[PDB]
């Protein structure tokens, strides 16, 4: 009747994934899996079992991996043999094919389902981008992120010398082109130019319009808001100039969470194997009877 979900990692996503599972009337939250188990359990996790190994939790249908991207395959390969299903928001566009081909046979062998790269991008947007391609298979598509924070670029800026803290904003200038607004807390000694030169040198910044500013508090300029403008102009049949846009103004980690819950729900209805969200019927993402949902949405 209800789906028994365990969350692996209580990072930013984890926090919102609890909120998203708490809100799904068709879900039970078995427990959260942390490196540090129950220790210093935060207030909002009061009413849930927290452990160090998923093996400690009982009758788990699906593991939502709120892990880093580097950590996803390792934890998946670990959690599948147990017969448990694994959704994740793995976000390294370039590796997605190999990570898929990896879990593929392991999923089948253990009669269980892995859905991978299931956030809003990749995930949600990957579906829209694919539908859009189909609507006019000749022409050009453009993915336009922000304004929003970039966990990757934010990190790749902290990493540089003179940089105590740093947040990199990602600003869309259209046609897949972007602007980087980096805000920094200077370590005692170093100057804005040293740091600026040091950032712009890195491949993550060297090919994009970058502006580096110094601020008292990075935390005082942070906000989990984010967006996207997906755009296609192209040809349906041989009829030119067909135009379509998809846009979001969303809370990034809040939405990534909700999609993970959705592909968790969706894994309970697939032939054992590994799946990107473009391989999943979008109706499986929702709660309810196919007939009732078709009546409402088609």
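Residue numbers count along the first chain shown, from 1.
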ask   = Averaged over C-alpha atoms, is the B-factor higher for 113-121 or for 162-170 in this PDB entry?
value = 162-170
task = On mean C-alpha B-factor from the PDB entry, just flag whether 227-235 or 49-57 is the higher one.
result = 49-57
key: Member of 149, 177, 131, 80 with the greatest C-alpha B factor (per the PDB record)   = 80
inquiry  = I'd like to know which of 261, 63, 248, 43 has the highest C-alpha temperature factor in the PDB entry.
reply    = 43
note = Of the three thirds of the chain ranked by Cα temperature factor, residue 191 occupies the highest
request  = Taking the chain's C-alpha temperature factors as the reference, tell me which third residue 74 falls into: lowest, middle or highest.
outcome  = highest
ask   = Which third, lowest, middle or highest, does the CA B-factor of residue 267 fall in along this chain?
value = middle
query = Which third of the chain holds residue 138 when residues are ordered by C-alpha B factor: lowest, middle or highest?
reply = lowest
ask   = Split the chain's modelled residues into thirds by Cα B-factor; is residue 211 in the lowest, middle or highest one?
value = lowest
